[PDB]
Amino acid sequence: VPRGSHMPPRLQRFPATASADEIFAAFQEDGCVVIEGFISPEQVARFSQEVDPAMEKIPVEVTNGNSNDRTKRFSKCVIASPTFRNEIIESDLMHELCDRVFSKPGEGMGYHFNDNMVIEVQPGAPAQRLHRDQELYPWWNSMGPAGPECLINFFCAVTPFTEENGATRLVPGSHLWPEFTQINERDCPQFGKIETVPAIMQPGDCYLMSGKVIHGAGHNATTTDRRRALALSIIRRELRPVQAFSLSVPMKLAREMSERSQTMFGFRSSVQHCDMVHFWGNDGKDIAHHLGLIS
Amino acid sequence: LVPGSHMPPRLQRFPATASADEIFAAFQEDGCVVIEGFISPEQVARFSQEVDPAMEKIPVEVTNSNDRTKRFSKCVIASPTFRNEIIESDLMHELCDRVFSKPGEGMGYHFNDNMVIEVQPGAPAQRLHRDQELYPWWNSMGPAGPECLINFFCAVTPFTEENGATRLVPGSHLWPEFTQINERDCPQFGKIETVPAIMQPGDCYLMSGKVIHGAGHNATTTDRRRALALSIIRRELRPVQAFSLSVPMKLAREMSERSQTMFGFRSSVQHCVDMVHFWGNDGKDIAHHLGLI
Ligand SMILES: C=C1[C@@]2(C)C[C@H]3[C@]4(C)CC[C@@H](O)C(C)(C)[C@H]4CC[C@]3(C)[C@]1(C(=O)OC)C(=O)[C@@](C)(O)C2=O
Ligand SMILES: C=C1[C@@]2(C)C[C@H]3[C@]4(C)CC[C@@H](O)C(C)(C)[C@H]4CC[C@]3(C)[C@]1(C(=O)OC)C(=O)[C@@](C)(O)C2=O
Ligand SMILES: O=C(O)CCC(=O)C(=O)O
Ligand SMILES: O=C(O)CCC(=O)C(=O)O
Ligand SMILES: [Fe+3]
Ligand SMILES: [Fe+3]
C-alpha cells in the first residue's frame, strides 16, 4: 500500500511448511489465512483429473439469485478419488489446526467432516450471495463473536484463483463485528459498504476460513475459465454433517481409513465429558465395534 | 393439597387426548408438562417385556450418572411395540413440529437417543443438570435461545417420590442466566426447589433441554424404576446414537418415512434463497442410495 493510501483488510499468508500455532494466530486475529501449497503440486493435479469425469456429468443451471446458478457442486470425493481419500485428508497440518480450533484436552478429537465439496464456478456465473458459512447452523449468528467456533473451511484451489474468474471474496475480521447478521439491505446495516478482498490462489493453495467470516464466490467475468475449488468443511463433533458420508462411503474404503479419518466420516465414535458419553456411539460403545473395525 | 404450608411448584398434567396446542402452551410456560396416557398400558407392558431380556443382561455398576442405573438404547432392535407403534405417536410429532419445524422445510427434528433408564434400588440422586448441556455452547444463548433438545420421558414402571421419579424445576428454562449447576457457577446452588414427576406406566412428561432436573434418589429396596427417554434434537445437531449404522436395513425398510427421517435413513431439506439436504448424498436424499424410494 502506497503511503497515505487506505489499507484494505489484512489477509496473511503462510507456506504449508509453517508452524501450526503460527497459522492459527493468523486465523484467530483475522478469521482467515492462506496456506500456500496446502496440497502438493501433482497431488492437486491427480485429484482434479480424478473428479473431472464426475464434474463433466453435472449439467449447469442457467437461472435467479441462488448459489447454484452457473456453479457446479460435487461431494463424492472419497468415492471418486483415491488421492483425496488416501493423501489429502491425511494432512497432519489440517488435523493440527482442527485440534486448536475444536478439541479440548482429554476429550479426544473435537471435530469431524461436514462436507467434501468440489465447487466449479462456471464462466458468467453471478457473484454468490454474501454469507457466513455458520448460517448453516442458524442459531450460531445469534451468539455473536463471543460464540465458540462451529465450522472451519480449508478452501483449496483446483484451477487457479484470479480476480476475474470469480475467486472467493473474503471479508477478514468480520468474525469480530459485534452483531452477526445476515448480509442483506434489510438486515445488514453495512450492506453495500462491505470491504471484500479476493482470495487469489494457485492450484494447491488453500485458505483456512472461520464460519464467522463473511464471504462469497465472486462473479466469473471470463468466457473459458471454469474456476474449480475443493472445500474441506470441518465441524465440531456435536454438529450434524450435511453429507451422510457413513451411509454413502462404502465400508471397503472405511476399512482402509486411519482411525482419525474414520472418526472424520462417522465410522468411529468419540467420547464427550460432562459423566461421559460417546457421541454417535452404539449403546455405550464405539460404533466401530459393530462395524467390524476394532478387531 | 396441603394445610399455610409452603405450596410446591405445579407440574401441569394433561391426558393424551388433550389438544397438542393445550399441551404446547403448558410446555412453553413451564418447560415441562405431564402427558397422561402418552402410551397405553398394554403398549407399555409389551415394550417392557420386549426389552427385559436386554435389561437383565446389563451389569449394574456400583462404585456418576451411571451409578446403579441401567441405560439401554437398542429399543428399535429389541422391541416391535417400540418401532411399530411407540415411534408412531402422532401427538409426539405434533408437539415436535410446534417446537422444531420451520415453514416449508419438512421435519426440523430427529432422534438423539432412545434410552431405557432403569434406576436401581438405592441408586443415588443424579446431579441437577439441563439436557442441553450435551451441546455445551447452548446455555450461553440463555432463555432467548432456540430449543435444541426435548425429552418425552415415559414411565415404564410407576414413578414415585420414593423410588426416584425425576426431580424437575419448572420455569428454570426462563432464568436470565443458564449456568452449570455447581457451587462455583450456580448462585442458587443448594437453594433450588425441585418437584417429582409422579407418573403411572405409559404416562410421560415432555421436557425442554432448558429445564433443570435430575433423577431422584431411589430410597426403596424393591423398585427397579424403569423409564423410556425419547430424546429428540433438531436436525442440525449430532445424535448421541448412530442409529443409521446399527439399526438393520431390514428394520429401516419397514419404517414409515417420518420414522426413517427420525433415524437418519432419510434426509430433510433446509432452507437458508438456498436449499440443502441435511444428512444428504451429493445433492440427493440419502434414501435414494439406501433404496427407500
Ligand atoms: C453423559 C451424559 C450427559 C452429558 C448426556 C446424557 C443424555 C444424552 C442427555 C440428554 C437426554 O435426552 C438423555 C436421556 C438421552 C441423556 C442420556 C444420559 C447421558 C448420555 C449422560 C450419562 O450417561 O451420564 C452417565 C447423563 O446421564 C447426563 C444427564 O449427566 C448428561 O447430561
Ligand atoms: C445451501 C447452501 C448453504 C445453506 C450451505 C452450503 C455449505 C454446506 C456451507 C458450509 C461450507 O463449508 C460449504 C462450502 C461446504 C457449503 C456448500 C454449499 C451449501 C450447501 C449451499 C448451496 O449449495 O446453495 C444451494 C451454499 O452455497 C450457501 C453458501 O449459500 C449456504 O449457506
Ligand atoms: O465457490 C466459492 O468460491 C465459495 C463457495 C462457498 O462459499 C459456499 O458454497 O459456501
Ligand atoms: O432418569 C431420570 O429420571 C433422569 C434421567 C436424566 O435426566 C438424564 O440422564 O439426562
Ligand atoms: Fe461459503
Ligand atoms: Fe437429563
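Every residue number used here counts from 1 along the chain in the order it is shown.
Header entry for method reads X-ray crystallography, 2.3 Å.
Cβ coordinates come from backbone N, Cα and C, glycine included.
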Exercise for the section: Can you match one of A:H95, A:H175, A:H215 to the Fe cation site that Swiss-Prot gives for A:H131, A:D133? Expected result: A:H215
Practice task
Residue list, the expression tag (A:1-7) vs rest of chain: Cβ under 8 Å, 6 or more residues beyond ends.
Solution key: none
Handout entry: DSSP-derived structure type at A:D133 (Fe cation binding site), helix or strand or else coil
Key = helix
Fill in the blank from the handout: Quick tally, other C-beta within 10 angstroms, A:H131, A:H215; top of the binding-site residues is A:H215
Practice task
Could you put numbers on the helix, strand and coil content of the expression tag (A:1-7), residue by residue per DSSP?
Solution key: 0 helix, 0 strand, 7 coil
Practice task
Starting from the Cβ centroid of A:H131, A:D133, A:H215, which together make up the recorded Fe cation site, report each further residue of the same chain whose Cβ lies within 8 Å of that point, ordered by sequence.
Solution key: A:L130, A:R132, A:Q134, A:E135, A:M209, A:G211, A:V213, A:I214, A:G216
Exercise for the section: For the stretch where 2 residues weren't modelled, take the C-alpha of A:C274 and of A:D275 and tell me their separation in angstrom, rounded to whole. Expected result: 5
Practice task
Please list residues from the chain of A:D133 (Fe cation binding site) whose Cβ is under 8 angstroms from its Cβ, counting only those at least six apart in sequence.
Solution key: A:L151, A:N153, A:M209, A:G211, A:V213, A:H215, A:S233
